[PDB]
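Report on one structure; see the data block that follows.
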Amino acid sequence: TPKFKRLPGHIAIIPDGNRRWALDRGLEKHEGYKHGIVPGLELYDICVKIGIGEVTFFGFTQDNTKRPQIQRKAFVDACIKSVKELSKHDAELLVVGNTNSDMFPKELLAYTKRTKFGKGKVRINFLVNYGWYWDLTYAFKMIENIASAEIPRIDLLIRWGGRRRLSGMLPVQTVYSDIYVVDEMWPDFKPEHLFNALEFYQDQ
Amino acid sequence: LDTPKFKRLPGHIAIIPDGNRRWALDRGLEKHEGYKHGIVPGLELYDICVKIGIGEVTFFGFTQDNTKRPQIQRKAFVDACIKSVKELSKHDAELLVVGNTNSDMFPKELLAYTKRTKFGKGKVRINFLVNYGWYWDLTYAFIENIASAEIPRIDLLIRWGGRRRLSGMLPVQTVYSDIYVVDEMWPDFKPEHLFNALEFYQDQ
Ligand SMILES: CC(C)=CCC/C(C)=C/CC/C(C)=C/CC/C(C)=C/COP(=O)(O)OP(=O)(O)O
Ligand SMILES: CC(C)=CCC/C(C)=C/CC/C(C)=C/COP(=O)(O)OP(=O)(O)O
């Protein structure tokens, strides 16, 4: 931890660039995702160390499942293992997404109710088979009964992979979020990417 | 000097003309005196969009929240939005104004434009968010029927004044929008800020 005057209460993480990162190392597109797991657990350890209270990760969307079977199997395998591995740490875990779909991994149904593991030092949410449209229409006030209601306002959204967009992430929680874009692919996560985001957040 | 030849152009551009106050404060003027310097920047962006063939542009006017600003700022920013709409109506715009008309803070002069109106040769659709609120927009539905339903998906959002936030502009229409932040304040608008945004959009 550098010393901070202020931290965001709730950080959202879009872990993008897994496929470009793979392709670049000479692998098949879908082999990138498994290299996204250790960076996830590293971001989480730092959040805990510096005192970030809540983190939401963009797992995958309904649209993402459109992609070829072999990519889908892989980024689903990586989400399961990611939630599995976060469960061995001190995390309050919540998975949000459309469970009324063959595309929601059965192995993650267990974490659709927020669950404390160890001391529960940081709330982790996970968007798995998430759709913005599914989310808003879930209600049909209604804004308090959206599918993503258990996930509060996002102060800071950090997106790896160089693209500046939400890709349909939590349009209610993101209406006022600061947005920091790291050009490096997610699997190239370094602590300094988080410290740079938090340095931007507080100097705002 | 020369107008860049783009491989690919967004069909719908969003503008967040921020920095009017900081701009004035930097010049030693009063906070409120910046807004009047916002109209030529906007008409010039309009004429470039007509030349390059951008079919649609939405401007973020003021939010419901913004009306609680010191009276002298609100008068200035209301008056700029009214000027901006009257002026464009003299230059071949199809104008649509979206905002909470059921409010004393909805400027009466813009009730003429709450249904989309072709003026002259209708060279580009221009939209204006006035007395607008994301919460008001979405709960209007009590999602084809949100207040802002006649404003389509945004391809590219360009914000002046270096803040990296959506500031509640059109949550639904901005879910997949590429976002480009110009650091300079809106009154310092340069054509090259638009070409920089377009070079960015093209490159995705
Ligand atoms: C289409 C044309 C011609 C131009 C429209 C752009 C204009 C005229 C801008 C000024 C009016 C406007 C939309 C104001 C928004 C309302 C508020 C409260 C804005 C906050 O002020 P700011 O963000 O400009 O100032 P700041 O960022 O604090 O320095
Ligand atoms: C939760 C966690 C930390 C896990 C990391 C991996 C993961 C499951 C996230 C990405 C899922 C996905 C469908 C992204 C596709 O783009 P891309 O980013 O893979 O590839 P591209 O940007 O190179 O096209």
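Just so we're on the same page: letters track the sequence lines, and every chain starts at 1. Order of appearance sets the numbers: ligands from 1, and atoms from 1 within every ligand. The figures here come from the full heavy-atom set of this structure, side chains too, leaving out hydrogens, waters and symmetry mates.
Distances shorter than 4.0 angstrom do not occur between any heavy atom of B:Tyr46 and any atom of ligand 1. Ligand 1 lies nowhere less than 4.0 angstrom from a heavy atom belonging to B:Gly161.
Taking every heavy atom of B:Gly42 and a limit of under 4.0 angstrom, the matching atoms of ligand 1 come to 2 (C), 3 (C), 4 (C). Ligand-side atoms of ligand 1 in range of B:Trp186: 6 (C), 7 (C), range being under 4.0 angstrom from any heavy atom. Atoms of ligand 1 found under 4.0 Å from any heavy atom of B:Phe62, numbered from 1 in the order shown, are 16 (C). Within the listing of ligand 1, atoms 3 (C) sit less than 4.0 angstrom from a heavy atom of B:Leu43.
Just one residue in the list A:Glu31, A:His30, A:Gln71, A:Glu28 forms a side chain to side chain donor-acceptor pair (under 3.5 Å) with A:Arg19, and that residue is A:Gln71. The only option from A:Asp155, A:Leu156, A:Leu157, A:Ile154 that meets the side chain to side chain contact (heavy atoms under 4.5 Å, CB included) definition with A:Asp178 turns out to be A:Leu156. Exactly one of B:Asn66, B:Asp65, B:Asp137, B:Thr63 qualifies for a side chain to side chain donor-acceptor pair (under 3.5 Å) with B:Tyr132. That residue is B:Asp137.
For B:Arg21, a nitrogen or oxygen atom sits less than 3.5 Å from a nitrogen or oxygen atom of ligand 1, counting backbone and side chain alike. For B:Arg22, a nitrogen or oxygen atom sits less than 3.5 Å from a nitrogen or oxygen atom of ligand 1, counting backbone and side chain alike. Of the polar atoms of B:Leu88, none of the N or O atoms is found under 3.5 Å from an N or O of ligand 1, judged by distance alone.
Remark: B:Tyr135 OH is packed, more than 12 non-hydrogen atoms of other residues, nucleotides or ligands lying under 6.0 Å away. Within 6.0 Å of NZ in B:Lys75 there are 12 or fewer heavy atoms belonging to other residues, nucleotides or ligands. Within a 6.0 Å sphere centred on OH of B:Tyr140, heavy atoms belonging to other residues, nucleotides or ligands number 12 at most.
In summary, the side chains of A:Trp160 and A:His193 do present a donor paired with an acceptor at a separation below 3.5 Å, with no hydrogens or angles considered. Checked by atom type, the side-chain pair A:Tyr33/A:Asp77 shows no donor-acceptor distance below 3.5 Å. A donor-acceptor contact closer than 3.5 angstrom links the side chains of B:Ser148 and B:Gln173.
Atom CG in B:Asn131 sits 10.0 Å away from atom CG in B:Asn102 (nearest 0.5 Å).
The residues lining ligand 2, counting any heavy atom closer than 4.0 Å, are A:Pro15, A:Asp16, A:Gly17, A:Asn18, A:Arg19, A:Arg20, A:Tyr33, A:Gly36, A:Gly59, A:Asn64, A:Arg67, A:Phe75, A:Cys79, A:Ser82, A:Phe126, A:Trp186.
Partners of B:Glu199 under the side-chain contact (heavy atoms from CB on, under 4.5 Å) rule, at least two apart in sequence or in another chain, are B:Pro4, B:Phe6, B:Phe195, B:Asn196.
Nearest to atom 9 (C) of ligand 1 among the protein's heavy atoms is B:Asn20 ND2, 3.8 Å. Summary of contacts: the protein heavy atom closest to atom 23 (O) of ligand 1 is B:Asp18 OD1, 2.6 Å. Atom 17 (C) of ligand 1 has its closest protein heavy atom at B:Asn66 ND2, 3.5 Å. The protein non-hydrogen atom at the shortest distance from atom 3 (C) of ligand 1 is B:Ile39 O, 3.1 Å. With hydrogens left out, the protein atom closest to atom 22 (P) of ligand 1 is B:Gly19 N, 3.6 Å, a heavy atom.
Of the listed residues (B:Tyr35, B:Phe59, B:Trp23, B:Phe77), the one carrying the non-hydrogen atom nearest atom 21 (O) of ligand 1 is B:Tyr35.
Cation-pi geometry between B:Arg164 and A:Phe200 is satisfied (NZ or CZ under 6.0 Å from the ring centre, within 45° of the ring normal).
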